[PDB]
Amino acid sequence: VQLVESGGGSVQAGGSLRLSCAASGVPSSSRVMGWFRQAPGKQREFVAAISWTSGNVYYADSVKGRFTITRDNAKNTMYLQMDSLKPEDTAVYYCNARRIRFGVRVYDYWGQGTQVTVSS
């Protein structure tokens, strides 16, 4: 199994970045994929998730309105289009894929993380 992240980098406040995550070897029964992020010295916090199952979506309030998470089923690749970026969004973004069956978390994979830098 592999989660491969791409599309980080530096950008000016108010600009636009698109992260991708290619997921090899994960079942698609009712897979859930999503993005977390961690700023230096801060706790890793949830950003957004999609049920692969359908394509239902959910955001943290700090990101709602600004970021859009999407799935390309045939490619096994998820996206996070990050618009209207602020310096607070500066962090290492990690990709995550899990399935919960009977309240049992059956698997939980994580990518290595890609740096996103928003300057003033």
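Quick note on numbering: the sequence shown equals residues 2 to 52, 52A, 53 to 82, 82A to 82C, 83 to 100, 100A to 100D, 101 to 113 in the authors' numbering.
For every residue, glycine included, the Cβ atom is placed at its ideal position computed from N, Cα and C.
Counting pairs of beta carbons, one from the region 66-77 and one from the region 20-35, are three or more of them closer than 8 angstroms?
With the cut-off at 8 angstroms, the region 66-77 and the region 20-35 touch.
DSSP three-state call for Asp61: helix, strand or coil?
As a working mapping, residue 61 is identified with position 61 in the sequence shown. Coil at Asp61, not helix or strand.
With DSSP collapsed to three states, give me the class of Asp72.
Taking the sequence shown and counting its residues from 1, one reaches residue 72 at position 72. Correct three-state label for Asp72: strand.
Taking 8 angstroms as the limit between beta carbons, can you name the residues of its chain near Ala60, skipping five residues before and five after?
Position 60 of the sequence shown, counted from the start, is the residue given in the question as residue 60. Closer than 8 angstroms at Cβ, skipping near neighbours: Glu46, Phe47, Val48, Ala49.
Rounded to the nearest angstrom, what separates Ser112 and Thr87 at their Cα positions?
Taking the first residue of the sequence shown as position 1, residue 112 is located at position 119. Taking the first residue of the sequence shown as position 1, residue 87 is located at position 90. Answer to the nearest angstrom: the Cα atoms are 8 angstroms apart.
How many whole angstroms separate the CB atoms of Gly8 and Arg19, which I take to be in contact at a CB cut-off of 8 angstroms?
If you number the sequence shown from 1, residue 8 lands on position 7. If you number the sequence shown from 1, residue 19 lands on position 18. So it is a contact: roughly 5 angstroms between Cβ atoms.
According to DSSP, what are the bridge partners of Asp101?
Numbered from its first residue, the sequence shown carries residue 101 at position 108. Paired residue(s): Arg95.
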